[PDB]
Number of protein chains: 8
Amino acid sequence: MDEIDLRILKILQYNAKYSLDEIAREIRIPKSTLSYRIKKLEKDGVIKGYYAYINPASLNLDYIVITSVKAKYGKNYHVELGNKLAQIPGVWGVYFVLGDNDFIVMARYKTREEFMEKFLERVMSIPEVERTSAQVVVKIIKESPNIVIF
Amino acid sequence: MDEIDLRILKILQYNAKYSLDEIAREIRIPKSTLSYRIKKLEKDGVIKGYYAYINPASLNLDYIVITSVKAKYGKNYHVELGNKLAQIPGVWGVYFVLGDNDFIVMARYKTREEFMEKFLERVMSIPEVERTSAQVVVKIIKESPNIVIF
Amino acid sequence: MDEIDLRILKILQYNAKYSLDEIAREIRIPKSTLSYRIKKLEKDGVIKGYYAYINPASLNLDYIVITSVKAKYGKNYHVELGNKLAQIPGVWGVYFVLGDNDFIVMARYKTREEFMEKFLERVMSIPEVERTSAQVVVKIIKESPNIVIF
Amino acid sequence: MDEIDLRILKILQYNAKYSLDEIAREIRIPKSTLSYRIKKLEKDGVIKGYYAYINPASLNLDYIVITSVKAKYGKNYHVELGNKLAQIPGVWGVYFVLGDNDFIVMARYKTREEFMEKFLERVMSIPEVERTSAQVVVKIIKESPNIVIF
Amino acid sequence: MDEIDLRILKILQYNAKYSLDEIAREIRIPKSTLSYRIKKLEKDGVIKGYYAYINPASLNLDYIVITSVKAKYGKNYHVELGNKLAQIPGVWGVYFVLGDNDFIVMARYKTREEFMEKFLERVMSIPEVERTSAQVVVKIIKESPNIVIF
Amino acid sequence: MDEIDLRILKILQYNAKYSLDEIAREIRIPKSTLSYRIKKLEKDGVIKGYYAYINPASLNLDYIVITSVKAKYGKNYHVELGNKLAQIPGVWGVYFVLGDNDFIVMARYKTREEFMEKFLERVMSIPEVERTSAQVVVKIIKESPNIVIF
Amino acid sequence: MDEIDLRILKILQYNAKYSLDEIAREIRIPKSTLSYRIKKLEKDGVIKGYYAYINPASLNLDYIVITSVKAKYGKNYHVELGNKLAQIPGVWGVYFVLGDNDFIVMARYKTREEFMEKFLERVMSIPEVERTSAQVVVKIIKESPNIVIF
Amino acid sequence: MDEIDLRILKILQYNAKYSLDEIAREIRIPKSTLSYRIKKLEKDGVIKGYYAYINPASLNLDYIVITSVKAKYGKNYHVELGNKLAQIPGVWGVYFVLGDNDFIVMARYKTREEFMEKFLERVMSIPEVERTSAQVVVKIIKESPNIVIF
Ligand SMILES: NC(=O)CC[C@H](N)C(=O)O
Ligand SMILES: NC(=O)CC[C@H](N)C(=O)O
Ligand SMILES: NC(=O)CC[C@H](N)C(=O)O
Ligand SMILES: NC(=O)CC[C@H](N)C(=O)O
Ligand SMILES: NC(=O)CC[C@H](N)C(=O)O
Ligand SMILES: NC(=O)CC[C@H](N)C(=O)O
Ligand SMILES: NC(=O)CC[C@H](N)C(=O)O
Ligand SMILES: NC(=O)CC[C@H](N)C(=O)O
Ligand SMILES: [Mg+2]
Ligand SMILES: [Mg+2]
Ligand SMILES: [Mg+2]
Ligand SMILES: [Mg+2]
């Protein structure tokens, strides 16, 4: 990867729906070269794919909660818990964090009931779970994980 | 939005690079109808855009940290802090959470030095900040914010 | 329910001992209509009943305590604990709260001894209880759960 | 107050809509005596009034939250804060608790927005407030403050 | 007990080595009456005994520590733990406290080694103990438990 | 101080009301020697005095509370706070503890009101106080500060 | 040990590579005496040895972490855990601390992966471990354990 | 640096008092080469110096404490505090840690008094200090910061 690639990625991370011609005219290089560079970035896994950015509000994903999970030490219990947490519907992010030493889980649902039935009641029964603490999001000031190049 | 739209969105949230023909053959509807439905979803803001999903590791975004920020009460100091946090380079997520009552900040950097210079040292000088606590991510089990339809 | 009902409920939540005539003269509607509307609110369960508001001090309910209960995760142990907590004499409120993720219990007794014997010693032996923390109320600034319409 | 009064209060705390005749037949005393005893209990302030018990769900009071408030020490700042908290719409209970040494606030709203606008944003600007912590109620197992005699 | 008794107790709590004549001349009553009143206070257990107040420093009781003990819930485990804590040499005070809901233990030793061997290592092996936290006293500003009448 | 002194102190810490003859017969030494040794222990300040041990219950000292006080750093504010805490009526013990780094205050009162008026409301107004936390004693398992020799 | 020894130790703790002649000229004593005094300090174990001070940065020891370990009470489990912690590669310091009552572990590694594999994953499986909390060092302001004489 | 250097450093970190001949015979290389390699390691700053390892117990460094310091946010106040902490006599280690976000201070003294006078009372007056918490070391299981190569 060279500086040309960064300029390309810095544009695609925002809008992957530009024409090659428009991107070409912006970074000043042949469309054949641009097209070539994009293809290989994909091949080398720098670009893992293209997604449609859907507004969660539009799906009534109103009940947003960030949960901290403390796991029961022993083996084993740890990684095992990470994977059980990641397969719960509505959970889009699971992180093993230092600190505190436990898991941070990002999940979205339409209502309280849904959250309770799909997330809460389910996590309550997992064996390897010592204790959890939820932090309800009342306001999203920013959420742009797509922006990796500042 | 009807069930047909959900089927469309459930595919686009994964791969927005399918051909209309392939999506049409999958959900069984005229390409003209599919194309029409997608265009309006965009118009109604359900689909806010299309992004290239870039692998953070490929950019050496190694120092991942989740920071909790406690703000000084008064006015005012609150929203003000949210916006100052959101404009810091490397910060992609800022949430005002209940709970705890404070802000959860998601940020990525290549190294410790970068994190310290771009995030730490900067947050340390913000007036409205009472105290912060960082939780270093040592392992990402899952990160797919693009998946809104389970 | 319409605005007329709200005006009625806003009065009954305070004093259910007014005459229909007095309420009628206040909201300007036939007593037969008022009487009809009240009867159906009761039928539809909006009005669950009428209670006498008794001053707790008059019964020497001096030892007021708000207890937080952390439950042992597994199944099951959760709901089970909620119900065991709710049947303890002197306990009038039990809430499953997010946050913290555990139960908030409101209880009143005449003395410390009573509290210890009826609440403390009993909760100490419940299997599903991990740990509890009590917050003694030294002053009630306000307690009007009857007011649902502000 | 004698044991006869307790039997009366133990019934009125449940249903203040019984006929004097029915209560009389239950506790075995002249209706004139019963009527007399009730009148004086009211006079001596044991019975402060009669309320209609309204189902909060019926009013869409969905966003229930228990907030802990830590106050800035000095004077003065304390009682002052108690009263400012008690006059906020939606707040039905405010307690000064030992423990922890701070205030426990019970409040109900229809939604998150309402809670934020009526409670959150307002408490954030109060001078005497050091910090707050909210515990969202996801389930009410029991709420019968009307029951003072077990 | 009357006001005369309080005047007597208020003197004896300080110095039980005054002559009856000197106390008599101070509160203005016959020595026979004073002597009589003291004898009965002892009989009724108001005065449980007379002790020599020994300076702990003089015994090299240098390592003073206040320990909080969290007990494992179940039965039973509670009171049982209180008594095991009270029989440990060097422990002069054990309190079951609300709050926090656990035990506060006051203990004095000559050195760190002694504290570790007599208290620490011993408490570490008690079954009913969940966890403990010690607060080392680096300065005694006041310690006059003998003063009950202010 | 020699072993003979310890034997003497070990008896006086319990009951200072024994006759010299009885103590003499117990440790096997001339009454003149015993009397001499006691006199000098007093002179050297090993024995600071003799007190009457009064049962706190007998004075209705029912509201027992152990308070932790966090002080505002600066100078100065520290020692200053220790002394202000020690002169509050009902406070018999004040300790500066490591740990936690703050003050542990032992106080007794007859009721909640007294505690609030004499202790609470007073500490709330002290400038150098950052925050406090009270732990209500619901049971005294042991309180024998008079025993310094085990 | 006398003041002459302190002067010697105060120099050797800094630079053990001075010539005896240079140290002799500094403290003003015969080289034979100096040499004699050093030899015996070593014999009496005051001087346990001479080490080369290696810069950790030069070995890419970048991931520095201070971990707090809470142990499961019972016996036994305690000391046992101390020794298991001390034999983990990369761990140079293990302390049993009061306070908090648990272990403080100092460890250094080159990267996050190394830390996770050599420390984290290993501690996660130790039976006697209740829970741990890591504090990542982002800046070493000072680290001179070699300086014992100030 | 090559593997030969590591073998050399791995020996010098333990005992810098071996003869070049003995080290040469161990790693199998000419003494002239060994001597050359050591000289340059020193020049490149890999080896910063040679110290005498002094037993702290031998100096009666009995009062060992690990203190956590929370600093007042603003500027500036941060680094400033780090340096003020590092110049306090008895303090050998100061670390700025993530986590928690504050400073970890390692200090040793002979007694409690010394600790209070040299460390405590001094830190209490520093302006930029919000609060501190001390963890008394009652047992050093391991302390070998000199070992950088495992
Ligand atoms: N986009 C462009 O201008 C490139 C045109 C074409 N790829 C070429 O050969 O230059
Ligand atoms: N994709 C399709 O088969 C649709 C074809 C075209 N839109 C039509 O008129 O049917
Ligand atoms: N309260 C009233 O005035 C109503 C009277 C009666 N219900 C009617 O027919 O109007
Ligand atoms: N409720 C009753 O039976 C009482 C009747 C009436 N008060 C009487 O004189 O007895
Ligand atoms: N102390 C006194 O003066 C009392 C003297 C004696 N008890 C009497 O009969 O008065
Ligand atoms: N208590 C005694 O027996 C001592 C008596 C007296 N002091 C003596 O000269 O021995
Ligand atoms: N370093 C010195 O000057 C000491 C010399 C030699 N040890 C002597 O006999 O004095
Ligand atoms: N230590 C050794 O054997 C090395 C000897 C000498 N440096 C040489 O020329 O080989
Ligand atoms: Mg994307
Ligand atoms: Mg009611
Ligand atoms: Mg006494
Ligand atoms: Mg060294």
Side-chain angles (χ1 to χ4, degrees), chain A residues 8-26 31-32 34-39 41-43 45-64 87-93 106-111 113-115 117-118 140 142-148, chain B residues 1-55 142-150:
Chain A
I8 303 177
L9 293 178
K10 192 171 180 180
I11 286 168
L12 296 188
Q13 74 180 356
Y14 273 103
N15 194 336
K17 232 61 174 180
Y18 280 130
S19 63
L20 298 189
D21 306 297
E22 241 178 326
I23 302 173
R25 178 176 315 116
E26 216 191 300
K31 189 187 63 54
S32 64
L34 163 56
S35 182
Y36 166 67
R37 285 167 161 291
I38 286 174
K39 287 198 177 62
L41 285 170
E42 302 173 337
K43 304 340 169 198
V46 180
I47 296 184
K48 273 188 163 49
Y50 301 91
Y51 308 158
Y53 171 54
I54 300 169
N55 179 56
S58 303
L59 287 152
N60 297 128
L61 294 172
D62 217 50
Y63 224 77
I64 317 307
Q87 71 198 60
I88 299 182
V91 170
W92 60 264
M106 315 298 277
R108 320 188 187 92
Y109 298 96
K110 300 186 295 288
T111 60
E113 290 57 58
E114 193 172 316
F115 168 69
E117 174 200 310
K118 299 186 179 176
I140 299 175
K142 190 187 185 183
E143 197 177 63
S144 315
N146 58 298
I147 305 301
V148 290
Chain B
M1 277 197 56
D2 54 47
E3 261 301 310
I4 291 293
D5 296 314
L6 286 190
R7 306 248 300 299
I8 303 177
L9 293 178
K10 192 171 180 180
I11 286 168
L12 296 188
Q13 74 180 356
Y14 273 103
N15 194 336
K17 232 61 174 180
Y18 280 130
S19 63
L20 298 189
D21 306 297
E22 241 178 326
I23 302 173
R25 178 176 315 116
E26 216 191 300
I27 66 179
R28 294 71 61 59
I29 65 171
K31 189 187 63 54
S32 64
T33 311
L34 163 56
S35 182
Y36 166 67
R37 285 167 161 291
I38 286 174
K39 287 198 177 62
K40 76 154 313 194
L41 285 170
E42 302 173 337
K43 304 340 169 198
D44 303 351
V46 180
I47 296 184
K48 273 188 163 49
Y50 301 91
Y51 308 158
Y53 171 54
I54 300 169
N55 179 56
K142 190 187 185 183
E143 197 177 63
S144 315
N146 58 298
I147 305 301
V148 290
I149 306 175
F150 290 83

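Labels below follow one simple rule: chain letters A, B, ... track the order of the sequence lines, proteins then strands, and each chain is numbered from 1.
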Partners passing salt bridge (charged side-chain N to carboxylate O under 4.0 Å, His left out) against A:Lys10 (at least two apart in sequence or in another chain)
none

Hey, are the side chains of B:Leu6 and A:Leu59 touching, using non-hydrogen atoms and a 4.5 Å cut-off?
yes

Measure the shortest side-chain to side-chain distance between A:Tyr109 and A:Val91 over non-hydrogen atoms and say whether it is less than 4.5 angstrom.
yes

Answer yes or no: is there a donor N or O on one side and an acceptor on the other, between the side chain of A:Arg108 and the main chain of A:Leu61, under 3.5 Å?
no

With the side chain counted from C-beta on, respond yes when A:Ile38 and A:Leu20 share a heavy-atom pair under 4.5 Å apart, and no when they do not.
yes

Describe, in one word, how the ring planes of A:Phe115 and A:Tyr63 are oriented to each other, choosing from parallel (under 30°), tilted (30 to 60°) and perpendicular (over 60°).
tilted

Quick check: does any side chain N or O of A:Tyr53 sit under 3.5 Å from a backbone N or O of A:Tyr14, one acting as donor and the other as acceptor?
no

So, using side-chain hydrogen bond (donor to acceptor under 3.5 Å, both in side chains) as the criterion, who are the partners of B:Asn15 when residues are at least two apart?
none

Report the residues that fulfil salt bridge (charged side-chain N to carboxylate O under 4.0 Å, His left out) with B:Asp2, sequence neighbours left out, ordered by chain and then residue number.
B:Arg37

Can B:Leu41 and B:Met1 be said to form a side-chain contact (heavy atoms from CB on, under 4.5 Å), step by step?
CA-CA 8 Å; B:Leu41 285 170; B:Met1 277 197 56; 4.0 Å; yes

Contacts of type side chain to side chain contact (heavy atoms under 4.5 Å, CB included), residue A:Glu22, not counting sequence neighbours
A:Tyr18, A:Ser19, A:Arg25

Within the supplied structure, the quantity of interest is the number of heavy atoms (other residues, nucleotides, ligands) at a distance under 6.0 Å from A:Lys17 NZ; does it exceed 12?
yes

Report yes if the side chains of B:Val46 and A:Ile54 come closer than 4.5 Å at any heavy-atom pair, otherwise no.
yes

For A:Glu143 against A:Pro145, the heavy-atom pair lying closest together:
C-CD, 3.5 Å

Residues passing the side-chain hydrogen bond (donor to acceptor under 3.5 Å, both in side chains) test with B:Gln13, sequence neighbours excluded, are none

Minimum heavy-atom distance A:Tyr50-A:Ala16, with the two atoms named
CD2-CB, 3.6 Å

Using side-chain contact (heavy atoms from CB on, under 4.5 Å), reason through B:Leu9 and B:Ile47 one step at a time and then give a plain yes or no.
CA-CA 8 Å; B:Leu9 293 178; B:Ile47 296 184; 3.8 Å; yes

Under the salt bridge (charged side-chain N to carboxylate O under 4.0 Å, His left out) rule, collect the residues that match up with B:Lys39, sequence neighbours excluded.
none

